[PDB]
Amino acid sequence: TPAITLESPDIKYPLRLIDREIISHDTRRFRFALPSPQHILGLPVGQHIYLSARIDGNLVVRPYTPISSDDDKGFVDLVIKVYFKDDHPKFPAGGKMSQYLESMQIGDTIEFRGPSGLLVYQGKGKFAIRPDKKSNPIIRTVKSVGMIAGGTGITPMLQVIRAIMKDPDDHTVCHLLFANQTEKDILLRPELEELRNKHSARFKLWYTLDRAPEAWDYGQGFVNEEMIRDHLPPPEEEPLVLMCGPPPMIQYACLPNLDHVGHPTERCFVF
């Protein structure tokens, strides 16, 4: 039983950045040292951490789901999309936290906190979902899990997929629908397609793209009722639907169409 990094959620833990990996122009894996090589992070599956820093005089807090797990000793890995300044004409200053991460030098610390979130995956189909931070968790056991992700919204889903996938006696089937703007913006694609090759009986993978390339075998356009009926488990299976992506996708593309297909609001969970 290893030592836990996040011992209480009311404490902020400054972790040293020990490595940087450039994945693409705007995507990067950051590795931080846990307090000892024999430490784990202490992050229930289904929950996330918060990074906090004072940037330009404002406290900035942002949630992140690590790519690493409590099976990893000594370190935590986050995969970060960097929103640069002077790139998108509508958002000229870029992203606050993600540019702060990009500017960190090896040996700089940044504050972690957690674990946080209203959902915990308790394993083999059992999800424990609190209706609010003070209410107690309601337990629902499901045969299948629908997953809609947009952008960096994949890491909450990856954490759950890998947690299922590595338990040979977990027969939960995950149906992922993964939306992004263009093909370069599909994050963690090598990983996702590796899980497809090795676990297709429990993992179904589909994509869509706002602006699809000419050679594209998957979805074109925003998530709709047809893709939800086609690439997510049917309501009659009483699945749980997990969601994480930009607020516009949740509000305009997911929630209304899940309702039209027939997914009850209690079985829909927005990270």
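All residue numbers refer to positions in the sequence shown, first residue = 1.
- With 43 to 51 and 232 to 240 compared on mean CA B-factor from the PDB entry, the stretch scoring higher is 232 to 240.
- Taking the PDB entry as given, 131 to 139 carries the higher mean Cα B factor of the two stretches 131 to 139 and 116 to 124.
- For residue 93, the recorded CA B-factor ranks within the highest third of the chain. Only modelled residues enter the ranking.
- Looking at the C-alpha B-factors along this chain, the one for residue 77 belongs to the lowest third.
- Among the modelled residues of its chain, residue 153 has a C-alpha B-factor that falls in the lowest third according to the deposited record.
- Sort the modelled residues of the chain by CA B factor and residue 99 lands in the lowest third.
- Among the modelled residues of its chain, residue 220 has a C-alpha B-factor that falls in the middle third according to the deposited record.
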